[PDB]
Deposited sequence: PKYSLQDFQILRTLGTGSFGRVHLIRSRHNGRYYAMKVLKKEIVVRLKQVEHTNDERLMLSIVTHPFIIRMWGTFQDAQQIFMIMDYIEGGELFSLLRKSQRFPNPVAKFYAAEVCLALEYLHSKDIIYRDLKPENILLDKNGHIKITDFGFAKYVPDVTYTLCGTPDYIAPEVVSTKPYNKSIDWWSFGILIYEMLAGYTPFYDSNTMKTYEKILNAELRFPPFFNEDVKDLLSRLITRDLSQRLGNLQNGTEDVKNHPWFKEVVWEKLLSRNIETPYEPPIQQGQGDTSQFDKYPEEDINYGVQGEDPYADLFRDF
């Protein structure tokens, strides 16, 4: 893969480390998104590691519902990340534009997220940053989990406290070692938000938030059907001996919850099912003097 192997079409957005672009392969006329990161910056911001670790993760994970990176490459001043081109937007803005989601819609999305989590987990890889913001929807309405900046290969336990305040689990707020089960806590919060419009322990200020998370009652809105109320009740628990996903049968207990009875995990996993919504219709790359950073962006 090379910069001449494609033809830039337009800027899709402006990241902190640089733009990203809409590109067409000039070999098969396929589309991708070029995420460009200026090395000069990545390092000014002491963000080298975080950047390489994402590339690795993306190199060792393949799933219908996990975004794909077909490759990288770099010139003398920035790295390039060729990635799936997702048409459809982010589950977050879809949510806000419609206050709350209804049981089945939420159920669908949860089901696909469950599947990718099942995968990641079966390889001792935990995600760690489950928000509606990192879930993108592609043209046909399916899901694509993005940003694997916080995913780590965790065979036993880990420590690093990261993620997003509301969707975070207790054992992380209070610096304890944790396995992949935090992912199930966050999963429960994603579901609560798709159905309520808000997170359960929200609070404009951070610590006030780590507070409730740590010491607050889980109260459900009335229209919540029992099932969801039960699932969320098992998912969003503070005691890991009872939290779904961390039990004798791992993912199976989540996949087998009543709330997911009419779900053929097999049909869904093949994208051979129907979707509840289909989304609708300087810059000097190539330069190459000396690169003081090469030593750090070698795998690219």
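Participant: Could you please spell out the deposited residue ranges that have no C-alpha entry in the coordinates?
Facilitator: Residues lacking C-alpha coordinates: 1 to 2, 284 to 299.
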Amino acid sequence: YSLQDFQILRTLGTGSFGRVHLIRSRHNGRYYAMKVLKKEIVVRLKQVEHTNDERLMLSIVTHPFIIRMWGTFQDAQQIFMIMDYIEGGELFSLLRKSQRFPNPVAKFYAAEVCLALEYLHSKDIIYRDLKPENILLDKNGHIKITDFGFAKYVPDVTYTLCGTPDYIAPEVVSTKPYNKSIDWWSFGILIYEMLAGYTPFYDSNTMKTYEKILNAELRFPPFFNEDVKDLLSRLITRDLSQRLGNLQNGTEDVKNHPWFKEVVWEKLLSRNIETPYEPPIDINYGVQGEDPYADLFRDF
From here on, numbers count along this sequence of modelled residues.
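Participant: Got a sec? Mean C-alpha B-factor, which is higher, 261 to 269 or 244 to 252?
Facilitator: On average, C-alpha B-factors are higher across 261 to 269.
Participant: Which is higher on average in the deposited entry, the C-alpha temperature factors of 34 to 42 or of 271 to 279?
Facilitator: The entry gives the higher C-alpha B-factor average to 271 to 279.
Participant: Going by the entry, which of 120, 169, 79, 162 has the most elevated CA B factor?
Facilitator: That would be 162, according to the entry.
Participant: In terms of CA temperature factor as recorded, identify the highest of 26, 55, 238, 63.
Facilitator: Answer, based on the entry's C-alpha B-factors: 26.
Participant: Test of reading the entry: by CA B factor among the chain's modelled residues, which third contains residue 223?
Facilitator: Highest third, going by the recorded CA B-factors of the chain.
Participant: Place residue 186 in the lowest, middle or highest third of its chain's C-alpha B-factors, as listed in the PDB entry.
Facilitator: It belongs to the lowest third of the chain when residues are ordered by C-alpha B-factor.
Participant: Give the position of residue 214 by CA B-factor within its chain, expressed as the lowest, middle or highest third.
Facilitator: Tercile = highest for this residue's CA B-factor.
Participant: For the chain shown, is the CA B-factor of residue 207 in the lowest, middle or highest third of its modelled residues?
Facilitator: Tercile = highest for this residue's CA B-factor.
Participant: Name the third of the chain's ranked CA B-factors that contains residue 147, choosing lowest, middle or highest.
Facilitator: Middle third by C-alpha B-factor.
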